[PDB]
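Below, in structure tokens: the form deposited in one PDB entry, a single chain.
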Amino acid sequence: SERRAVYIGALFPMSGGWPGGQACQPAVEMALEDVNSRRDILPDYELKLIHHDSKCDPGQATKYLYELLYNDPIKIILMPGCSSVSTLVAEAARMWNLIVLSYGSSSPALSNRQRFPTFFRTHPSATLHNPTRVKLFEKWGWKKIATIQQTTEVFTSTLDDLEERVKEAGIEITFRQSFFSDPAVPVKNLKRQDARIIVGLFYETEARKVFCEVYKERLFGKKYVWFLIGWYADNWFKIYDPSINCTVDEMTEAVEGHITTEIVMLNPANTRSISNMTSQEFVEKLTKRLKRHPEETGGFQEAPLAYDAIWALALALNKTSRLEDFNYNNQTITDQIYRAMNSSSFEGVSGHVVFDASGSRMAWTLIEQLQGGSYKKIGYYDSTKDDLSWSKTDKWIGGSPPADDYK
């Protein structure tokens, strides 16, 4: 007769490196209202939220993790956002037999089952770009690839994964260059080695420095293809930076024709998901709940993943159905939710939700090309089904893509 309250301990980054909690906390709150109003999901239970602002800071998150674990009520799951916060809470979690479900962490290192044995994420790993990269090389028949990276853990781990994945496809990494803050030497070294197909992994500030150096060494043109990450701001190369010698037009010239990969976070299709919403309705509903405009709201694009994280948990808890008896000293309930979480398969606002063996999200990637200083959608790739959605909108100088070597 009485619905028993079951609690999620969540951490939301309202500020810091990725202030994703700005749109992910209302997306989570919306999903809890939607799950609780559905009588076919958890009829005997009411999913409640206890949350704190991590400020995308592990030090700050350490204080709130304590507050979550050492204060009643007992929480059945932890929900962090930032990778630095998830690395702390996902490693600590085994001491309280707690499942950890992140809505925003991209760090490849979180796919380690030894360090993070109860971790899942609706946000994919940064390594999800690599199967799309190998498939693009296979499509345009390239077996010799160069790699330039900024010295950061994520880019190092992503390239380490790119190495084992190219070997599987009979493709080899010719040259690997790295920089801390100033490129110039790796860019100079790329012209030196006559590298043609180049995968560049860096943040937006460093991307500008890279492409200004690309200009001077004339590393752009018909001879080369640059493979970059697709989550920089619109017109990132046009952005004014006092530390760049090159101009707007110079940068616009250096960036022409480069390819980008990015994770599909909102289903492009007009279909209805498990909530019975469309992608466009989710967006409209979320915008109403926000104090500021979507463009001024941190984590707006990731918000569907936070919404879907709640549904993945609700469906998992639904599959298990003795939730009030959960204790930090016991593994029995944890192991059952682990099993249910592992076997997730449903349609969310971000598309089809499935985790791999590491508990990392499997999703579509959007492939884009910079055509005339603007990005055009040239395709989509589904790693699990080896399905490439190709639109005949890709364009190259001389009507065709170049080759990897001398020819």
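Don't overthink the numbering: it's just position in the shown sequence, from 1.
Heads up, the form deposited in another entry isn't pictured, but that's what we're talking about next.
Both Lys288 and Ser102 are counted in one common rigid part of the motion between the shown form and the other one, based on the superposition that better accommodates each C-alpha. In summary, the C-alpha positions of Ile333 and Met362 diverge in that other deposited form, ending up at least 3 angstroms farther from each other than in this conformation.
One change in that other deposited form concerns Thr205 and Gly21, whose Cα atoms lie at least 3 Å closer than in this form.
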